[PDB]
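First the proteins, then the strands, lettered A, B, ... as listed; each starts at 1.
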Amino acid sequence: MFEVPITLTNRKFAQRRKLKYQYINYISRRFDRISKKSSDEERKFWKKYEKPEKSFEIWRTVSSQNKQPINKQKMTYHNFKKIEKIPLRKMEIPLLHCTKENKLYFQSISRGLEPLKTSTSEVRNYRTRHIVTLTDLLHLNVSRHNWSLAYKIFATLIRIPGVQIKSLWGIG
DNA sequence: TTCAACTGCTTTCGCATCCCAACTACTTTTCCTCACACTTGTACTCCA
């Protein structure tokens, strides 16, 4: 349930985000050439946005000049399936080089259908399996205001290698 | 018959642009663990 302090990575997750952010670069360019009639591939993505670094989300005052008139002309299904088609053409040949469940992912996440499999569950590393165990027992006693026990879990969690700042300072 | 620059000399011992590095990333090195499609009979009756 609770967040874990692991620097966990797998090839199926390194691909499935890269399989996603490779695609998004093409469909972003395609949206602006139809707006013109009217290469890490993820390092290239975040150059469109400013990472907030103070808050989670870049919140912004509103009663100011950051306002806009509402755009009138809206989407339809006929324009959406023709603006995605040419990015869906070029994507299909790297879709057969990637693994089929990464390929099952991008087929599923492009029609809606967010993933229901959370990444810290199938990792099965036996050391992360205790790091997932301890942090769900760490928060559970802090939830239950049991402090001599949640001390003991927290003293044991910081000694297991690979744990982060996340557990460290927050519940001081 | 004079003005104005070129001129060597003050002491006496001893003191005294190129490289490197940081951290976080991404990647390669491979080795190990199984599945996915194909096929002949046999089984349960099928129509003669």
(request) Please indicate the pucker of B/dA16, north or south, going by the torsion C1'-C2'-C3'-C4'. (result) south

(request) Could you tell me whether the phosphate oxygens of B/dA25, OP1 or OP2, come under 4.0 Å of any side-chain nitrogen or oxygen in A/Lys18? (result) no

(message) Suppose you measure atom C1' in B/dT42 against the same atom in B/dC46; what distance do you get, rounded to whole Å?
(response) 16 Å

(request) Using whole Å, report how far CG of A/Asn10 lies from P of B/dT27. (result) 14 Å

(message) Suppose you measure atom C1' in B/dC18 against the same atom in B/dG14; what distance do you get, rounded to whole Å?
(response) 45 Å

(request) Classify the sugar of B/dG41 as north or south, using the sign of the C1'-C2'-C3'-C4' torsion: positive means north, negative means south. (result) north

(request) Indicate, with a heavy-atom threshold strictly under 4.0 Å, whether A/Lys100 touches base, sugar-phosphate, or nothing. (result) nothing

(request) Quickly work out the A/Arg17 CZ to B/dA25 P distance and round it to whole Å. (result) 11 Å

(request) Between B/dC15 and B/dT11, how far apart are the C1' atoms? Round to whole Å, please. (result) 15 Å

(request) Specify the separation, in whole Å, of atom CD of A/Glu41 and atom P of B/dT27. (result) 12 Å

(request) Quick one: closest heavy-atom pair of A/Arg159 and A/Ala155, and the distance? (result) NH1-O, 2.7 Å

Which protein N or O atoms sit under 3.5 Å from an N or O of nucleotides 28-30 of chain B?
| unit_1 | atom_1 | unit_2 | atom_2 | d |
| --- | --- | --- | --- | --- |
| B/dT28 | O4 | A/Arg11 | NH2 | 2.5 |

(request) Positive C1'-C2'-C3'-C4' means north, negative means south, so call it for the sugar of B/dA25. (result) north

(request) Could you tell me the separation between the CD atom of A/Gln22 and the P atom of B/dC26, rounded to a whole number of Å? (result) 15 Å

(request) Can you tell me the distance, in whole Å, between the CZ atom of A/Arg43 and the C1' atom of B/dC26? (result) 10 Å

(request) To the nearest Å, give me how far apart CG (A/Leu8) and P (B/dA25) are. (result) 13 Å

(request) Using the test salt bridge (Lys or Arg N to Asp or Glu O under 4.0 Å), find all partners of A/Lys90 that sit at least two apart in sequence or belong to another chain. (result) none

(request) Check the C1'-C2'-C3'-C4' sign on B/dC23 and let me know if the sugar comes out north or south. (result) south

(message) As a test of reading torsions: judging only by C1'-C2'-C3'-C4', is the sugar of B/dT11 on the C3'-endo (north) or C2'-endo (south) side?
(response) south

(message) Within 90° of 0 counts as syn, otherwise anti: where does B/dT10 fall?
(response) anti

(message) Give me the atom names and distance for the closest heavy-atom approach of A/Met91 to A/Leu19.
(response) CE-O, 3.4 Å

(request) Could I get the full list of side chain to side chain donor-acceptor pair (under 3.5 Å) partners for A/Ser39, not counting sequence neighbours? (result) A/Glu41

(message) Between P on B/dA25 and CZ on A/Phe13, what's the gap in Å once rounded to a whole number?
(response) 17 Å

(request) Verify whether the stacking test passes for B/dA22 and B/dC23, with limits of 5.5 Å on the ring-centre separation and 30° on the angle between planes. (result) yes

(request) Not counting sequence neighbours, which residues clear side chain to side chain contact (heavy atoms under 4.5 Å, CB included) with A/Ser121? List them please. (result) A/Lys117

(message) So A/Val163 and A/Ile6, do their side chains get closer than 4.5 Å, heavy atoms only?
(response) no

(request) Mind checking side chain to side chain contact (heavy atoms under 4.5 Å, CB included) for A/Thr99 and listing every partner two or more places apart, or none if nothing turns up? (result) A/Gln15, A/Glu101, A/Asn102

(request) Could you state the atom-to-atom distance from CD of A/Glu101 to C1' of B/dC36 in whole Å? (result) 15 Å

(message) Going by the rule side chain to side chain donor-acceptor pair (under 3.5 Å), which residues pair with A/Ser108 if we only count those two or more places apart in sequence or in a different chain?
(response) none

